[PDB]
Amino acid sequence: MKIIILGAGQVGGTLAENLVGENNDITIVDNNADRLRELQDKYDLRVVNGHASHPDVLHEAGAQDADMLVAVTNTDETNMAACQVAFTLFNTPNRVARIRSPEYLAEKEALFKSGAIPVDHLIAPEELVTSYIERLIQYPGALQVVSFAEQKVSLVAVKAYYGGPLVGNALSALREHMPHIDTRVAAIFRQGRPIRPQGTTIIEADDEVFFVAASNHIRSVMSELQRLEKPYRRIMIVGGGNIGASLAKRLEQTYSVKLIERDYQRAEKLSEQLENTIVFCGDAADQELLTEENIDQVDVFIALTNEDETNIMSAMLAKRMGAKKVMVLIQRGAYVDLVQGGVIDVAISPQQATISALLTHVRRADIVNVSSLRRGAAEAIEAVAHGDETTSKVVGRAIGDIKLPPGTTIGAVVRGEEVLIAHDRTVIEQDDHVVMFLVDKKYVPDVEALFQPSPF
């Protein structure tokens, strides 16, 4: 697998970090020499200093031979130009590009899906975020929904609280309750540190507990944990930009939505374009605006401006003034787990989201796929069981008898269209998709080795 990453920013670099290994040859292009040196010190990859869409720069990165091209530069127009130039001159297969402009996506069918602009897969960070928040809204009480390249399976995170079904009970004590639907804990995060879920792991308060669920039965699982809270009525959105306006349009038909936008010329525009949203012109930190429009009633306050501090301060104010749940948009995913949990209920990063999507396309045709759950060294992953018992170290063997790396816990198996909750006696069959959670991502290539069969 020969991979070229155009632009070594947060997204390109983090991607590069997640793809270094045996079966992957990573080359990164960037015109900033400082960024290249920094990345090369940490990881085994090749670097090209130049403009990502220049024919020679692209040639020097070996676009004729490469198997995938990922364009994550500063600009859509450079990403588009890179994919055009690469395709036209070198026939480079699998061209993925980040496109941040909703204007382009509005014509994505006519522009990209016709091969006019030769992009195979658009990664639209603004769209992904809007979809994620909306999906959280759909499951009141849900702290995080984890996705895999296998769309049939998901994880749902919830926060344990005093006098809740979860707090105090060990994991094995929950397994005594089998009514209607049964799930298994995939991961724990207390105090920002990952705990490997064992039978005798006592759930403490303020833990972030991730349960395994079929993607089409999340509501049903949360219900059966007495953790599905009543539907959100009142949503308040701060920041009427690309993301804010998008989310409001998606919600206004089913929810009661208020939006605050401090630019009057932009705000007036949003009032007509949003038929069922009440749009206010005002500042996010304005106590008297938040009070006048009853912030004490708001079920979820969502801060979606582009400045993290504005969002943070705003949401912290909303919580102080009685908003039930608050969500903030944090730019860099590193800060997400940090700022989350205490006072701020949920933090979402457009960079994380982009990276999550990008890992579902690259890890495709690989053994292991990384999930959208990545916190520090911790991360949930999916691996494929190729081969039969004769050639594989996992196929045929039972889950309780698999030589997993340290810190690694198998949470569920996806066989065809059925999602099986992991048990010790369960036998891994061929071409299964095994979902694991690792406390430390350094053992991924070990998981890779484990699931890699002998040469047929």
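In this text, residue numbers run from 1 along the sequence as written.
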Stretch with higher mean Cα temperature factor, 221-229 vs 184-192, is 221-229
The stretch whose C-alpha atoms carry the larger average B-factor in the entry, 16-24 or 430-438, is 16-24
When the entry's CA B-factors for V368, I355, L143, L289 are compared, the highest one belongs to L289
The residue of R320, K249, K159, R374 with the maximal C-alpha B-factor according to the PDB record is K249
Split the chain's modelled residues into thirds by Cα B-factor; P453 lands in the middle
Here the Cα B-factor of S131, set against its chain, lands in the third termed lowest
Tertile call for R332 (CA temperature factor, within chain, third-based) is the lowest
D76: CA temperature factor from the record, placed by chain third, in the lowest
Quick tally, chain-level thirds of C-alpha B-factors: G62 sits in the middle
